[PDB]
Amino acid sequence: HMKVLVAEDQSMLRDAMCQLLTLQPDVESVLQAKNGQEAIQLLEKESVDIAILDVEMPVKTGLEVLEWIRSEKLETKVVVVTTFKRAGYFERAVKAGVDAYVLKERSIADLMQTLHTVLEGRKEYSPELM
């Protein structure tokens, strides 16, 4: 069922995730964006159930895209991914009602857990990032 958007600037990273997702039985389609600006462009014309957004992206960060989604009040869960703690990003994301904020390099099994979790209306934070 899920319509997923994946925003990630590092091309290998982006490909690995979109493919792992595309091959999940629970997934219907997976849009791609190289940076924060493409993600917004796509979200301006297309419908998404979950946006998986990396934080450090060129032009628009994942945090800035999250903030736009909320300002535009879209029916979209937002899963922000990151690798480094290195933040104030947490407060900022939590202040933006991010549906989850989790490690980027986790198992596709773990990512699907997150995806369902936010679909059902709950939230998930990778402790390491707290």
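Quick note: we count residues from 1 along the sequence shown, nothing fancier.
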item	value
Entry-level comparison of average CA B-factors, 82-90 and 37-45, reporting the higher stretch	82-90
Modelled-residue ranking by C-alpha temperature factor, third containing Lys60	middle
Modelled-residue ranking by C-alpha temperature factor, third containing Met17	middle
Where the record places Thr117 (Cα B-factor, split into thirds across the chain)	middle
Third of chain Cα B-factors occupied by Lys3	middle
Assigned third (lowest, middle, highest) for the C-alpha B factor of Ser71	highest
